[PDB]
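K.L.:
The structure that follows is given in the form of structure tokens.
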Amino acid sequence: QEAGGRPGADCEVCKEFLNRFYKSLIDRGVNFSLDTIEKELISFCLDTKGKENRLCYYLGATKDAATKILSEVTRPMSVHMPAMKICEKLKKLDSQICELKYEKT
């Protein structure tokens, strides 16, 4: 998972999720299928810690929460894309996505 330097996207939890999810699907060979990216969003979103399990409510997934924005993740996740800046695009959809910091402590 991950990448050296954590170049996920923008804020933090949003970036780590996108980046790790993104290169995971590409590496696992579990991509190029929008419906699959949707199902794996479900899988990955719930199979993580509260920060990410909660973060996904802002991004979609879980077959609930926000169903429209879900497609705006899966589609660019299907091809090597801006996904870092996509969290910046996400900022235009909601600003709260930029937070949820793992450990401010």
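We name chains A, B, ... following the order of the structure tokens; residues begin at 1 in each chain, and ligands are numbered from 1 as shown.
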I want to know what sits within 8 Å of range 4-18 of chain A, based on only C-alpha atoms, with residues of the same chain fewer than 4 positions away left out; could you give that as number ranges by chain?
P.N.:
A: 22, 51-52, 55, 83-88, 97-102
K.L.:
Output N, CA and C atoms of each residue in that selection to a file, as an mmCIF file, in the first residue's frame.
P.N.:
```
data_model
loop_
_atom_site.group_PDB
_atom_site.id
_atom_site.type_symbol
_atom_site.label_atom_id
_atom_site.label_comp_id
_atom_site.auth_asym_id
_atom_site.auth_seq_id
_atom_site.Cartn_x
_atom_site.Cartn_y
_atom_site.Cartn_z
ATOM 1 N N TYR A 22 -6.254 3.635 -4.525
ATOM 2 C CA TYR A 22 -5.993 3.785 -5.935
ATOM 3 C C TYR A 22 -4.925 2.811 -6.418
ATOM 4 N N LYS A 51 -11.398 6.799 10.970
ATOM 5 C CA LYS A 51 -11.073 7.946 10.122
ATOM 6 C C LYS A 51 -11.502 7.706 8.680
ATOM 7 N N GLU A 52 -11.146 6.548 8.151
ATOM 8 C CA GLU A 52 -11.433 6.222 6.764
ATOM 9 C C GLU A 52 -12.856 5.695 6.604
ATOM 10 N N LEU A 55 -14.687 8.844 6.646
ATOM 11 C CA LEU A 55 -14.320 9.686 5.509
ATOM 12 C C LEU A 55 -15.130 9.329 4.274
ATOM 13 N N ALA A 83 -6.020 11.973 -9.424
ATOM 14 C CA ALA A 83 -6.605 11.607 -8.104
ATOM 15 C C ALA A 83 -6.031 12.354 -6.889
ATOM 16 N N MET A 84 -4.810 12.858 -6.974
ATOM 17 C CA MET A 84 -4.283 13.744 -5.936
ATOM 18 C C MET A 84 -5.095 15.045 -5.914
ATOM 19 N N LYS A 85 -5.126 15.712 -7.055
ATOM 20 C CA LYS A 85 -5.863 16.957 -7.217
ATOM 21 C C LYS A 85 -7.372 16.701 -7.192
ATOM 22 N N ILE A 86 -7.775 15.444 -7.332
ATOM 23 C CA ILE A 86 -9.191 15.099 -7.271
ATOM 24 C C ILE A 86 -9.746 15.355 -5.868
ATOM 25 N N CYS A 87 -8.889 15.285 -4.853
ATOM 26 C CA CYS A 87 -9.318 15.618 -3.495
ATOM 27 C C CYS A 87 -9.438 17.124 -3.352
ATOM 28 N N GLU A 88 -8.729 17.827 -4.211
ATOM 29 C CA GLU A 88 -8.842 19.265 -4.299
ATOM 30 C C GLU A 88 -10.139 19.622 -5.017
ATOM 31 N N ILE A 97 -14.264 17.392 3.954
ATOM 32 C CA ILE A 97 -13.448 16.264 3.525
ATOM 33 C C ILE A 97 -11.982 16.502 3.887
ATOM 34 N N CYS A 98 -11.582 17.767 3.910
ATOM 35 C CA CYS A 98 -10.236 18.116 4.320
ATOM 36 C C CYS A 98 -10.170 18.260 5.831
ATOM 37 N N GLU A 99 -10.087 17.118 6.498
ATOM 38 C CA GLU A 99 -9.888 17.053 7.935
ATOM 39 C C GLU A 99 -9.857 15.593 8.363
ATOM 40 N N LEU A 100 -10.496 15.293 9.497
ATOM 41 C CA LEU A 100 -10.594 13.926 10.007
ATOM 42 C C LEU A 100 -9.219 13.370 10.356
ATOM 43 N N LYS A 101 -8.262 14.271 10.591
ATOM 44 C CA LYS A 101 -6.852 13.908 10.738
ATOM 45 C C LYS A 101 -6.662 12.709 11.655
ATOM 46 N N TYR A 102 -5.829 11.766 11.235
ATOM 47 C CA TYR A 102 -5.662 10.512 11.962
ATOM 48 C C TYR A 102 -5.307 10.771 13.415
#
```
K.L.:
Do you know which residues are at most 8 Å from range 76-80 of chain A counting only C-alpha atoms, after dropping those on the same chain fewer than 4 positions away, and could you put them as a list in words?
P.N.:
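Within the cut-off, the hits are residues 22, 31, 32, 33, 34, 37 and 72 of chain A.
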K.L.:
Would you give me, as a PDB file with N, CA and C atoms, in the first residue's frame, the residues in chain A that DSSP reads as alpha helix (DSSP H)?
P.N.:
```pdb
ATOM      1  N   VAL A  13      -6.428  12.409   5.472  1.00  0.00           N
ATOM      2  CA  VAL A  13      -7.234  11.193   5.439  1.00  0.00           C
ATOM      3  C   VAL A  13      -7.819  10.993   4.046  1.00  0.00           C
ATOM      4  N   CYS A  14      -8.259  12.090   3.439  1.00  0.00           N
ATOM      5  CA  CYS A  14      -8.731  12.072   2.061  1.00  0.00           C
ATOM      6  C   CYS A  14      -7.632  11.600   1.108  1.00  0.00           C
ATOM      7  N   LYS A  15      -6.399  12.051   1.340  1.00  0.00           N
ATOM      8  CA  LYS A  15      -5.314  11.752   0.418  1.00  0.00           C
ATOM      9  C   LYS A  15      -4.845  10.311   0.590  1.00  0.00           C
ATOM     10  N   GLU A  16      -4.729   9.884   1.841  1.00  0.00           N
ATOM     11  CA  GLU A  16      -4.224   8.562   2.158  1.00  0.00           C
ATOM     12  C   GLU A  16      -5.185   7.504   1.650  1.00  0.00           C
ATOM     13  N   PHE A  17      -6.475   7.765   1.819  1.00  0.00           N
ATOM     14  CA  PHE A  17      -7.492   6.859   1.326  1.00  0.00           C
ATOM     15  C   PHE A  17      -7.414   6.740  -0.189  1.00  0.00           C
ATOM     16  N   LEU A  18      -7.474   7.875  -0.888  1.00  0.00           N
ATOM     17  CA  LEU A  18      -7.469   7.869  -2.341  1.00  0.00           C
ATOM     18  C   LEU A  18      -6.227   7.179  -2.872  1.00  0.00           C
ATOM     19  N   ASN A  19      -5.058   7.610  -2.412  1.00  0.00           N
ATOM     20  CA  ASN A  19      -3.797   7.075  -2.916  1.00  0.00           C
ATOM     21  C   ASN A  19      -3.694   5.575  -2.673  1.00  0.00           C
ATOM     22  N   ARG A  20      -3.926   5.155  -1.435  1.00  0.00           N
ATOM     23  CA  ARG A  20      -3.766   3.754  -1.075  1.00  0.00           C
ATOM     24  C   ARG A  20      -4.811   2.888  -1.757  1.00  0.00           C
ATOM     25  N   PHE A  21      -6.037   3.388  -1.843  1.00  0.00           N
ATOM     26  CA  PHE A  21      -7.105   2.673  -2.530  1.00  0.00           C
ATOM     27  C   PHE A  21      -6.769   2.545  -4.002  1.00  0.00           C
ATOM     28  N   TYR A  22      -6.254   3.635  -4.525  1.00  0.00           N
ATOM     29  CA  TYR A  22      -5.993   3.785  -5.935  1.00  0.00           C
ATOM     30  C   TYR A  22      -4.925   2.811  -6.418  1.00  0.00           C
ATOM     31  N   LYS A  23      -3.757   2.841  -5.796  1.00  0.00           N
ATOM     32  CA  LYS A  23      -2.666   1.994  -6.241  1.00  0.00           C
ATOM     33  C   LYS A  23      -2.881   0.551  -5.803  1.00  0.00           C
ATOM     34  N   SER A  24      -3.737   0.363  -4.806  1.00  0.00           N
ATOM     35  CA  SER A  24      -4.124  -0.975  -4.379  1.00  0.00           C
ATOM     36  C   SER A  24      -4.882  -1.680  -5.498  1.00  0.00           C
ATOM     37  N   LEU A  25      -5.948  -1.047  -5.977  1.00  0.00           N
ATOM     38  CA  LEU A  25      -6.770  -1.614  -7.044  1.00  0.00           C
ATOM     39  C   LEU A  25      -5.958  -1.852  -8.308  1.00  0.00           C
ATOM     40  N   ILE A  26      -5.078  -0.915  -8.628  1.00  0.00           N
ATOM     41  CA  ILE A  26      -4.220  -1.051  -9.795  1.00  0.00           C
ATOM     42  C   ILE A  26      -3.273  -2.242  -9.628  1.00  0.00           C
ATOM     43  N   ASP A  27      -2.703  -2.377  -8.435  1.00  0.00           N
ATOM     44  CA  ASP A  27      -1.743  -3.443  -8.162  1.00  0.00           C
ATOM     45  C   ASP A  27      -2.438  -4.794  -8.010  1.00  0.00           C
ATOM     46  N   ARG A  28      -3.553  -4.817  -7.281  1.00  0.00           N
ATOM     47  CA  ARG A  28      -4.313  -6.050  -7.079  1.00  0.00           C
ATOM     48  C   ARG A  28      -4.951  -6.519  -8.382  1.00  0.00           C
ATOM     49  N   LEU A  34     -15.742  -0.177 -13.280  1.00  0.00           N
ATOM     50  CA  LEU A  34     -16.348   0.861 -12.451  1.00  0.00           C
ATOM     51  C   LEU A  34     -17.223   0.274 -11.348  1.00  0.00           C
ATOM     52  N   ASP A  35     -17.930  -0.802 -11.664  1.00  0.00           N
ATOM     53  CA  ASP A  35     -18.797  -1.464 -10.691  1.00  0.00           C
ATOM     54  C   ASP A  35     -17.966  -2.132  -9.605  1.00  0.00           C
ATOM     55  N   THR A  36     -16.791  -2.604  -9.992  1.00  0.00           N
ATOM     56  CA  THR A  36     -15.874  -3.242  -9.064  1.00  0.00           C
ATOM     57  C   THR A  36     -15.228  -2.219  -8.147  1.00  0.00           C
ATOM     58  N   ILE A  37     -14.835  -1.088  -8.712  1.00  0.00           N
ATOM     59  CA  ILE A  37     -14.267  -0.007  -7.923  1.00  0.00           C
ATOM     60  C   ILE A  37     -15.276   0.444  -6.873  1.00  0.00           C
ATOM     61  N   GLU A  38     -16.553   0.361  -7.233  1.00  0.00           N
ATOM     62  CA  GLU A  38     -17.631   0.705  -6.323  1.00  0.00           C
ATOM     63  C   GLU A  38     -17.725  -0.303  -5.179  1.00  0.00           C
ATOM     64  N   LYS A  39     -17.629  -1.579  -5.518  1.00  0.00           N
ATOM     65  CA  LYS A  39     -17.729  -2.643  -4.533  1.00  0.00           C
ATOM     66  C   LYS A  39     -16.502  -2.653  -3.624  1.00  0.00           C
ATOM     67  N   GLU A  40     -15.341  -2.407  -4.206  1.00  0.00           N
ATOM     68  CA  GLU A  40     -14.102  -2.369  -3.445  1.00  0.00           C
ATOM     69  C   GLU A  40     -14.027  -1.113  -2.595  1.00  0.00           C
ATOM     70  N   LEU A  41     -14.677  -0.043  -3.043  1.00  0.00           N
ATOM     71  CA  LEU A  41     -14.863   1.125  -2.194  1.00  0.00           C
ATOM     72  C   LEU A  41     -15.584   0.701  -0.931  1.00  0.00           C
ATOM     73  N   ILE A  42     -16.647  -0.072  -1.105  1.00  0.00           N
ATOM     74  CA  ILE A  42     -17.389  -0.622   0.017  1.00  0.00           C
ATOM     75  C   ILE A  42     -16.457  -1.421   0.925  1.00  0.00           C
ATOM     76  N   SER A  43     -15.723  -2.346   0.313  1.00  0.00           N
ATOM     77  CA  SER A  43     -14.802  -3.214   1.032  1.00  0.00           C
ATOM     78  C   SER A  43     -13.764  -2.411   1.817  1.00  0.00           C
ATOM     79  N   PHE A  44     -13.046  -1.544   1.114  1.00  0.00           N
ATOM     80  CA  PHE A  44     -11.929  -0.810   1.693  1.00  0.00           C
ATOM     81  C   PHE A  44     -12.413   0.193   2.739  1.00  0.00           C
ATOM     82  N   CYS A  45     -13.537   0.842   2.455  1.00  0.00           N
ATOM     83  CA  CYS A  45     -14.087   1.868   3.338  1.00  0.00           C
ATOM     84  C   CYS A  45     -14.476   1.312   4.698  1.00  0.00           C
ATOM     85  N   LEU A  46     -15.041   0.117   4.717  1.00  0.00           N
ATOM     86  CA  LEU A  46     -15.436  -0.503   5.974  1.00  0.00           C
ATOM     87  C   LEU A  46     -14.273  -1.251   6.618  1.00  0.00           C
ATOM     88  N   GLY A  50     -11.704   4.123  11.901  1.00  0.00           N
ATOM     89  CA  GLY A  50     -12.811   5.073  11.913  1.00  0.00           C
ATOM     90  C   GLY A  50     -12.614   6.271  11.006  1.00  0.00           C
ATOM     91  N   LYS A  51     -11.398   6.799  10.970  1.00  0.00           N
ATOM     92  CA  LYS A  51     -11.073   7.946  10.122  1.00  0.00           C
ATOM     93  C   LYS A  51     -11.502   7.706   8.680  1.00  0.00           C
ATOM     94  N   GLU A  52     -11.146   6.548   8.151  1.00  0.00           N
ATOM     95  CA  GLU A  52     -11.433   6.222   6.764  1.00  0.00           C
ATOM     96  C   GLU A  52     -12.856   5.695   6.604  1.00  0.00           C
ATOM     97  N   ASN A  53     -13.336   4.946   7.599  1.00  0.00           N
ATOM     98  CA  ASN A  53     -14.703   4.419   7.555  1.00  0.00           C
ATOM     99  C   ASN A  53     -15.697   5.580   7.538  1.00  0.00           C
ATOM    100  N   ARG A  54     -15.336   6.660   8.229  1.00  0.00           N
ATOM    101  CA  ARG A  54     -16.169   7.855   8.297  1.00  0.00           C
ATOM    102  C   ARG A  54     -15.941   8.745   7.079  1.00  0.00           C
ATOM    103  N   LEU A  55     -14.687   8.844   6.646  1.00  0.00           N
ATOM    104  CA  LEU A  55     -14.320   9.686   5.509  1.00  0.00           C
ATOM    105  C   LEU A  55     -15.130   9.329   4.274  1.00  0.00           C
ATOM    106  N   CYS A  56     -15.348   8.039   4.075  1.00  0.00           N
ATOM    107  CA  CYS A  56     -16.050   7.564   2.897  1.00  0.00           C
ATOM    108  C   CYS A  56     -17.477   8.088   2.817  1.00  0.00           C
ATOM    109  N   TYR A  57     -18.065   8.475   3.944  1.00  0.00           N
ATOM    110  CA  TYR A  57     -19.406   9.051   3.921  1.00  0.00           C
ATOM    111  C   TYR A  57     -19.423  10.341   3.105  1.00  0.00           C
ATOM    112  N   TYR A  58     -18.278  11.011   3.045  1.00  0.00           N
ATOM    113  CA  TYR A  58     -18.151  12.246   2.285  1.00  0.00           C
ATOM    114  C   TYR A  58     -17.813  11.953   0.825  1.00  0.00           C
ATOM    115  N   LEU A  59     -17.297  10.754   0.570  1.00  0.00           N
ATOM    116  CA  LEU A  59     -16.822  10.387  -0.762  1.00  0.00           C
ATOM    117  C   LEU A  59     -17.832   9.497  -1.488  1.00  0.00           C
ATOM    118  N   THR A  67     -24.569   8.791  -3.192  1.00  0.00           N
ATOM    119  CA  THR A  67     -24.495   7.831  -4.274  1.00  0.00           C
ATOM    120  C   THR A  67     -23.967   8.449  -5.570  1.00  0.00           C
ATOM    121  N   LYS A  68     -24.157   9.752  -5.738  1.00  0.00           N
ATOM    122  CA  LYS A  68     -23.772  10.415  -6.979  1.00  0.00           C
ATOM    123  C   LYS A  68     -22.264  10.637  -7.036  1.00  0.00           C
ATOM    124  N   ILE A  69     -21.706  11.153  -5.950  1.00  0.00           N
ATOM    125  CA  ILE A  69     -20.278  11.449  -5.886  1.00  0.00           C
ATOM    126  C   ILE A  69     -19.448  10.165  -5.987  1.00  0.00           C
ATOM    127  N   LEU A  70     -20.080   9.033  -5.676  1.00  0.00           N
ATOM    128  CA  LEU A  70     -19.433   7.728  -5.761  1.00  0.00           C
ATOM    129  C   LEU A  70     -18.866   7.513  -7.166  1.00  0.00           C
ATOM    130  N   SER A  71     -19.662   7.848  -8.179  1.00  0.00           N
ATOM    131  CA  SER A  71     -19.246   7.672  -9.563  1.00  0.00           C
ATOM    132  C   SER A  71     -18.066   8.581  -9.900  1.00  0.00           C
ATOM    133  N   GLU A  72     -17.990   9.725  -9.234  1.00  0.00           N
ATOM    134  CA  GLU A  72     -16.929  10.683  -9.499  1.00  0.00           C
ATOM    135  C   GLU A  72     -15.603  10.204  -8.922  1.00  0.00           C
ATOM    136  N   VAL A  73     -15.662   9.198  -8.057  1.00  0.00           N
ATOM    137  CA  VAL A  73     -14.458   8.525  -7.585  1.00  0.00           C
ATOM    138  C   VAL A  73     -14.080   7.372  -8.523  1.00  0.00           C
ATOM    139  N   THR A  74     -15.025   6.459  -8.725  1.00  0.00           N
ATOM    140  CA  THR A  74     -14.781   5.227  -9.475  1.00  0.00           C
ATOM    141  C   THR A  74     -14.298   5.494 -10.898  1.00  0.00           C
ATOM    142  N   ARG A  75     -14.907   6.465 -11.569  1.00  0.00           N
ATOM    143  CA  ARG A  75     -14.566   6.753 -12.961  1.00  0.00           C
ATOM    144  C   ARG A  75     -13.085   7.121 -13.122  1.00  0.00           C
ATOM    145  N   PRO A  76     -12.571   8.134 -12.390  1.00  0.00           N
ATOM    146  CA  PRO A  76     -11.151   8.495 -12.472  1.00  0.00           C
ATOM    147  C   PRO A  76     -10.231   7.475 -11.804  1.00  0.00           C
ATOM    148  N   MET A  77     -10.803   6.588 -11.006  1.00  0.00           N
ATOM    149  CA  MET A  77     -10.034   5.510 -10.395  1.00  0.00           C
ATOM    150  C   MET A  77      -9.795   4.390 -11.398  1.00  0.00           C
ATOM    151  N   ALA A  83      -6.020  11.973  -9.424  1.00  0.00           N
ATOM    152  CA  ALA A  83      -6.605  11.607  -8.104  1.00  0.00           C
ATOM    153  C   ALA A  83      -6.031  12.354  -6.889  1.00  0.00           C
ATOM    154  N   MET A  84      -4.810  12.858  -6.974  1.00  0.00           N
ATOM    155  CA  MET A  84      -4.283  13.744  -5.936  1.00  0.00           C
ATOM    156  C   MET A  84      -5.095  15.045  -5.914  1.00  0.00           C
ATOM    157  N   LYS A  85      -5.126  15.712  -7.055  1.00  0.00           N
ATOM    158  CA  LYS A  85      -5.863  16.957  -7.217  1.00  0.00           C
ATOM    159  C   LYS A  85      -7.372  16.701  -7.192  1.00  0.00           C
ATOM    160  N   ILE A  86      -7.775  15.444  -7.332  1.00  0.00           N
ATOM    161  CA  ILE A  86      -9.191  15.099  -7.271  1.00  0.00           C
ATOM    162  C   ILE A  86      -9.746  15.355  -5.868  1.00  0.00           C
ATOM    163  N   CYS A  87      -8.889  15.285  -4.853  1.00  0.00           N
ATOM    164  CA  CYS A  87      -9.318  15.618  -3.495  1.00  0.00           C
ATOM    165  C   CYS A  87      -9.438  17.124  -3.352  1.00  0.00           C
ATOM    166  N   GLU A  88      -8.729  17.827  -4.211  1.00  0.00           N
ATOM    167  CA  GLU A  88      -8.842  19.265  -4.299  1.00  0.00           C
ATOM    168  C   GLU A  88     -10.139  19.622  -5.017  1.00  0.00           C
ATOM    169  N   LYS A  89     -10.473  18.832  -6.038  1.00  0.00           N
ATOM    170  CA  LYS A  89     -11.765  18.940  -6.705  1.00  0.00           C
ATOM    171  C   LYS A  89     -12.879  18.623  -5.717  1.00  0.00           C
ATOM    172  N   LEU A  90     -12.593  17.673  -4.833  1.00  0.00           N
ATOM    173  CA  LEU A  90     -13.512  17.284  -3.773  1.00  0.00           C
ATOM    174  C   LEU A  90     -13.793  18.442  -2.836  1.00  0.00           C
TER     175      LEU A  90
END
```
K.L.:
By how many Å are CA of residue 2 in chain A and CA of residue 48 in chain A apart?
P.N.:
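Here the two named atoms are 13.9 Å from each other.
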K.L.:
Identify which of the residues A:30, A:82, A:93, A:104 lies closest to residue 60 in chain A, counting only C-alpha atoms when measuring atom-to-atom distances.
P.N.:
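Closest residue, counting only C-alpha atoms: A:93.
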